[PDB]
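Ligands are counted one by one from 1 in listed order, and the atoms in each one are counted from 1 as well. We're numbering straight along the sequence, starting at 1.
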Amino acid sequence: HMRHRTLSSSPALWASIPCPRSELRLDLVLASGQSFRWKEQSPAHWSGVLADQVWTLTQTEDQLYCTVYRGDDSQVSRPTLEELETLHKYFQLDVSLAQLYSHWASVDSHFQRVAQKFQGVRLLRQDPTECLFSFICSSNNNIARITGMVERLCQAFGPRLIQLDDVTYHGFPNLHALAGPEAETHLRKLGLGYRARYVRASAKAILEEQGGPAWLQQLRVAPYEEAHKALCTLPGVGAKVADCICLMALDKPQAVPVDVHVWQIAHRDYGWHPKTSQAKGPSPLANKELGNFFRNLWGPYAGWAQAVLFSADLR
Ligand SMILES: NCCc1c(-c2cccnc2)[nH]c2ccccc12
Ligand code: NI
């Protein structure tokens, strides 16, 4: 039956949020390593799952268009007000990106050069569960492969939502689903390798040691340093993965996930070398120190700044 919508196809089923392309570029955000669930199924039209619903999004120079599929054959209709608020929050559009960009440019001529061409890179505000398992899958991995891993994970363990053309969409599974006795064996069959063990074990630990997903919501209102440390008690989550989750899902805009790529940027583009430390390359301490350097430079939205450079570098 149902088909992926285009803005031309079905105008009566799309709504608009006023949004300049300088505040948000879909093509530098939806597949640049934050969410792994969005795909450009037709030119300029991006489809993906948000919270047990499927959306399609496209934009003009000043407008963000979106359409929702409920699927549970309710009648097709335009997105409601509440659904539009959900999306406004997902893209955190209350925060001005242009003001952050100049604040960062004012102390960083490197960022200023890169910013000319790479406008509209901002941070999604993601569901903690989804973000956590997605980033556990990110170790020694690339966007394309994580994307496949995550997609097979959701088809095997989470509820079916809808089909559009040849694509069946699933919701992200709950913890109890990933914690079960065959869960690791199954995930290895789905090609996750060693990451399969950390998926299952983290699901179990959140459930049994921490009281379920209410714990991730508590981390969202706890301070950065506290949330980061608590995530690092999980199987397969270290400083880098935990910083991703802090940045992308627990409202820690100052979190700077330090890996080999940010080391390369720091050294090449900024001339940084460890000072306090003397281990001349990556180390737990030198990586903490490099996160501090970026926070010191850019201020408390350092995580967002470094996001611009990541999307820039992916082209
Ligand atoms: N230094 C890149 C870290 C990273 C990110 C990332 C993206 C935006 C903002 N902050 C971090 N997405 C990834 C996907 C796979 C592997 C590593 C990453
Ligand atoms: Ni050097």
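- Distance from atom 17 (C) of ligand 1 to its nearest protein heavy atom, with residue and atom name: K240 CE, 4.0 Å.
- Distance from atom 4 (C) of ligand 1 to its nearest protein heavy atom, with residue and atom name: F310 CZ, 4.2 Å.
- Counting all heavy atoms, side chain and backbone alike, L50 lies closest to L87 at CD2-CD1, 3.9 Å.
- Salt-bridge formation is not detected for the pair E289/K275: no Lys NZ or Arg NE/NH1/NH2 atom is positioned less than 4.0 Å from an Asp or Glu carboxylate oxygen.
- Applying the 4.0 Å criterion to heavy atoms of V262 picks out, from ligand 1, the atoms 1 (N).
- Ring pair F36/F135: centre-to-centre distance below 6.0 Å.
- With respect to the salt-bridge test (charged N to carboxylate O, under 4.0 angstrom), the residues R70 and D72 do not qualify.
- Taking only nitrogen or oxygen atoms, main chain and side chain alike, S32 does not reach within less than 3.5 Å of ligand 1.
- Both tests pass for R5 against the ring of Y69: distance under 6.0 Å to the centre and angle within 45° of the axis.
- No close placement of the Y65 and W14 rings is indicated, their centers lying 6.0 Å or farther apart.
- Considering backbone and side-chain N/O atoms, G33 comes within less than 3.5 Å of an N/O atom of ligand 1.
- In the vicinity of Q306, heavy-atom distances shorter than 4.0 Å reach the ligand 1 atoms 9 (C), 10 (N).
- Ring pair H273/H267 is perpendicular by interplanar angle, where above 60° counts as perpendicular and below 30° as parallel.
- Taking every non-hydrogen atom of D259 and a distance limit under 4.0 Å, the qualifying atoms of ligand 1 come out as 1 (N), 2 (C), 3 (C).
- Set against the non-hydrogen atoms of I146, the atoms of ligand 1 under 4.0 Å away are 15 (C).
- What sits closest to atom 6 (C) of ligand 1 on the protein, heavy atoms only, is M248 CE, 3.6 Å.
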